[PDB]
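Taking it in order: structure first as structure tokens, then the write-up.
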Amino acid sequence: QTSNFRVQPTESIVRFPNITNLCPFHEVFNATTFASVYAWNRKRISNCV
Amino acid sequence: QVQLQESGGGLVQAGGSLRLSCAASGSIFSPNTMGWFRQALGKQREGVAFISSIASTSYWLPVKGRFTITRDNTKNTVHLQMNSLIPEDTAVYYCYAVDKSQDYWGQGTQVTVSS
Ligand SMILES: *[C@@H]1O[C@H](CO)[C@@H](O)[C@H](O)[C@H]1NC(C)=O
């Protein structure tokens, strides 16, 4: 008994959940009207991709 | 989405009286401060007078007696009373709602005086 024989892996597979519920970045950088700098608009971003 | 209803403008002779009114419907979050701006024909935009939510008033022109601000807490509206009207105040007016996060603007009222 000399060595050990192995089957080397061939490909790499990455499976994750389907992409949905993206963070509303399109509502921040693309707005019809912006805000003055003194009254700067602050939006909290959570529970989203 | 906030709608600022403007009403009470038009043609008035010298020394007349009128009552501008801005009603803020929509978001208009609780710590609001309401103000009025003046836009002379082809000139810069200056601030008529501002009223806060604690009834504190800050007039941005030596104009006391001319403008008086009345507050309606039940409907969160602001009325501007105009008296002793003189030709140099002939300008369109917009009301300014700072709210807390995003400030808004009115549509416009034509205030005119001549003789
Ligand atoms: C993501 O996977 C497929 C891709 O179109 C879709 O049919 C499905 O409804 C999406 N959501 C989940 C939870 O699989």
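Naming scheme: A, B, ... for chains in displayed order of the structure tokens; residues 1 onward per chain; ligands 1 onward as shown.
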>> How would you report the residues lying within 9 Å of ligand 1, as a list in words, if you count only C-alpha atoms and all ligand atoms?
In response: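 Every residue with an atom at most 9 Å from ligand 1 is listed here: residues 17, 18, 19 and 20 of chain A.
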With a cut-off of 9 Å and counting only C-alpha atoms, select all residues of chain B in contact with chain A and give the selection as a tab-separated table (two decimals) with N, CA and C atoms, in the first residue's frame.
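File produced: out.tsv:
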chain	number	residue	atom	x	y	z
B	98	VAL	N	-40.42	73.84	4.49
B	98	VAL	CA	-39.16	73.14	4.72
B	98	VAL	C	-39.40	71.69	5.10
B	100	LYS	N	-39.12	68.49	7.12
B	100	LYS	CA	-37.97	68.13	7.93
B	100	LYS	C	-36.86	67.56	7.06
B	101	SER	N	-37.23	66.90	5.97
B	101	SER	CA	-36.28	66.22	5.10
B	101	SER	C	-36.15	66.87	3.73
B	102	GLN	N	-37.26	67.07	3.02
B	102	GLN	CA	-37.25	67.59	1.66
B	102	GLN	C	-38.15	68.83	1.63
B	103	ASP	N	-37.56	69.99	1.35
B	103	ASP	CA	-38.34	71.21	1.23
B	103	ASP	C	-39.11	71.24	-0.09
B	104	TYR	N	-40.21	71.98	-0.09
B	104	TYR	CA	-41.10	72.05	-1.25
B	104	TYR	C	-41.28	73.50	-1.68
>> Please return, as JSON, numbers by chain, all residues of chain B that DSSP assigns to strand (DSSP E or B) on the basis of the backbone.
In response: {"B": [3, 4, 5, 6, 7, 10, 11, 12, 18, 19, 20, 21, 22, 23, 24, 25, 34, 35, 36, 37, 38, 39, 40, 45, 46, 47, 48, 49, 50, 51, 57, 58, 64, 67, 68, 69, 70, 71, 72, 77, 78, 79, 80, 81, 82, 91, 92, 93, 94, 95, 96, 97, 104, 105, 109, 111, 112, 113]}
>> With only C-alpha atoms as the counted atoms, please give the residues lying no more than 10 Å from residue B:43, apart from itself and same-chain residues fewer than 4 positions off, as a list in words.
In response: residues 38, 39 and 91 of chain B
Expected file contents, prior selection, N, CA, C and O atoms, as a PDB file, in the first residue's frame:
ATOM      1  N   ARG B  38     -40.517  86.209  -2.293  1.00  0.00           N
ATOM      2  CA  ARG B  38     -40.919  87.221  -3.259  1.00  0.00           C
ATOM      3  C   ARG B  38     -40.030  87.147  -4.493  1.00  0.00           C
ATOM      4  O   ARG B  38     -38.806  87.033  -4.383  1.00  0.00           O
ATOM      5  N   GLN B  39     -40.655  87.217  -5.668  1.00  0.00           N
ATOM      6  CA  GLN B  39     -39.959  87.146  -6.951  1.00  0.00           C
ATOM      7  C   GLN B  39     -40.357  88.354  -7.793  1.00  0.00           C
ATOM      8  O   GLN B  39     -41.384  88.333  -8.475  1.00  0.00           O
ATOM      9  N   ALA B  91     -44.914  91.730  -7.090  1.00  0.00           N
ATOM     10  CA  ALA B  91     -44.108  90.560  -7.404  1.00  0.00           C
ATOM     11  C   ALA B  91     -44.923  89.304  -7.139  1.00  0.00           C
ATOM     12  O   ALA B  91     -45.812  89.294  -6.284  1.00  0.00           O
TER      13      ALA B  91
END
> With distances taken over only C-alpha atoms, which of B:59, B:18, B:114, B:99 is nearest to residue B:87?
Replying inline: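 Closest to residue B:87, using only C-alpha atoms: B:114.
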> Leaving out residue B:111 and any residue of its chain fewer than 4 positions from it, which residues lie within 12 Å of it when counting only C-alpha atoms, given as a list in words?
Replying inline: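 Selected residues are residues 6, 7, 8, 9, 10, 11, 12, 13, 14, 16, 17, 18, 19, 20, 38, 39, 40, 41, 82, 85, 86, 87, 88, 89, 90, 91, 92, 93 and 94 of chain B.
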> What gap, in Å, lies between atom CA of residue A:32 and atom CA of residue B:80?
Replying inline: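 Going from atom CA of residue A:32 over to atom CA of residue B:80 covers 29.4 Å.
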